[PDB]
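Just the one chain here, the form deposited in one PDB entry, laid out as structure tokens.
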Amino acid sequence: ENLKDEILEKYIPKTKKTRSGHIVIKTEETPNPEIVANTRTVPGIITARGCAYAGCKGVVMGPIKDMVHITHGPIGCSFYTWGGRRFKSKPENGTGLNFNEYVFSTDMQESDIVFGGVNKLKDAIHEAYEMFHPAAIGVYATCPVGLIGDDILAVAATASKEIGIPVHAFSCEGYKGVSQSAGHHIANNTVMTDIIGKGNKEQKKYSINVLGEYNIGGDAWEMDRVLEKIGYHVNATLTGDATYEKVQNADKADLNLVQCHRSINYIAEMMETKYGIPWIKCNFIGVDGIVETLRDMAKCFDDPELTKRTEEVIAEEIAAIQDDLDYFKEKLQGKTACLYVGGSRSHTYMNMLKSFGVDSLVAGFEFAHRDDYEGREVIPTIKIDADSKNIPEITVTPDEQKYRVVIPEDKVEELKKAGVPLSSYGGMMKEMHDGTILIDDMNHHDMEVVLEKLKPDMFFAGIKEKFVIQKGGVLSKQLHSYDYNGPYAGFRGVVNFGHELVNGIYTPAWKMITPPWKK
């Protein structure tokens, strides 16, 4: 009888059985249902998911702007990472290297498949070095690489010794894991052990990192503007607009801020274990999100001037935009929305929509794990799935030289009791209201049932869904690419996002679709 049943009806029995667990309705009676997530994609279902190479090269590593990222594969893996994901970069200090406008690859041919690709890879690494003299070189595996016998780790190590700069190999072949997620994990492992803590910079006062933030459309620059006004030192952002050296010095901070939990929590955990650096979940999207984040940060530092400046900056930033905020609410209140993004933004955009008076009825992720849906408290119960079991796990230990107590245990417990999300993340479901539905790995079939039954005013998704939804007369704004706008994070981001959203809803052509020779 309910929407879950309606979604499930058309599936053949095998598929119905496996998909049922990926769809849950939050209710007053059961506010915290368990979901199935991070399992294999059903073949033929029309998924939005990508691959582990996307998650590693295209997502986590690509934004490091003074590292040359070489895709070891045939050409498409490289071509399809040429600017489609909108991490913004500028030369550091006006003068540093920036390879954002380029893609690099070994352009594997049949000879490489038949005879091996390691000599071409070596030669490409040396050409990249001699041409560009970057801070580092990355080498990224693609589907054929392991299967044809290429040992990219060994190639990288040999080359690094010859050329005198770091060369980092990533075994992110696309079929590994079940989605982009495996690629995040693979990237995090090598960044943690081979990059982070290799630097030697002196730590500055009030130093924070923003973890899992990629400067899409300028988001990170907008965060940084506000943080620096309050008085923080933004030691590093992993990895939006990052230099290699900043990542090497990520350990020179007192607090890690986790924006995208899914992609970076591995590093957040490992930095806490190895260095003693605590982390808090942050959300710099939406006024309520930003305000709460800044207030949590001030509680952690407990510095009277930082606290004072925090409130001054919040008040001045809000005063500057309050007329816009009022307009968004006037124009949008009472409308309904669905959100379907990859691993974080379905959740982080919710508070902004709620402030605009928009009711989020449906949300899901392509590739998030149960902890992103249900909260990190469920981690001990997560079953290890066969299709991701071979993604390597690394363990770190307290560094006998660099480990330090940043926030004492008793103070951590006091801050948690006070609501500060130290080493925690409540997950998306907690924020959703009763009677809403969650759909993991939502496919085309599922989406069409949702559209028909719920008739939402807007459906946020990506490029593959956007035009499907709009052909049906419903607005779809992209939460990955931001429809080529931004920033959408931070205080100025709320204004950018809200005007774009109002402009979308009130576009006249929506009312002109039926020709006058028809009813």
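One-based numbering along the sequence shown. Rigid core: the largest C-alpha set superposing within 1.5 Å between the two forms.
Although it is not shown, the form deposited in another entry is what the next lines describe.
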Only residue that shifts (Cα, 2 Å or more, rigid core superposed) between this form and the one not shown, among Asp410, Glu130, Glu393, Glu110: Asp410
Cα distance between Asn265 and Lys416, which in the other entry differs by 3 Å or more from this form, closer or farther: farther
Comparison of CA distance in the other entry with shown form for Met192, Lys416, at least 3 Å: farther
